[PDB]
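Residue numbers (my numbering), protein chains in the order written: chain D, 117 to 143; chain Y, 53 to 80; chain W, 805 to 830.
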């Protein structure tokens with residue numbers, strides 16, 4: 117018989133890296 | 053012969069994008 | 805028939821957490 121259909125999509129990827137430091141504070 | 057069963061799941065996705073910037077720092 | 809091919813990659817993950825607070829002011 118023919119090959120079956122493609123499998124399900126995979127799981128989402130892991131969270132991205134933390135964001136960059138904030139800007140310097142007020143005087 | 054019947055069709056075969058579905059394949060295995062795909063690979064996990066790619067990491068997400070970086071997060072937003074941190075908050076501003078303390079005064080002075 | 806043999807099993808099918810693997811599925812496609814998943815979606816991108818969630819965005820990361822916010823960054824740390826910035827440096828003290830001058």
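For each residue, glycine too, the CB sits at the ideal point set by N, CA and C.
Taking C-alpha positions only, residue 134/D is separated from residue 54/Y by approximately 49 Å.
With respect to the 9 Å criterion, residue 66/Y and residue 817/W are classified as neighbours on the basis of their beta carbons. C-alpha of residue 56/Y to C-alpha of residue 132/D: approximately 37 Å in a straight line. At the C-beta level, residue 73/Y and residue 810/W stay beyond 9 Å of one another.
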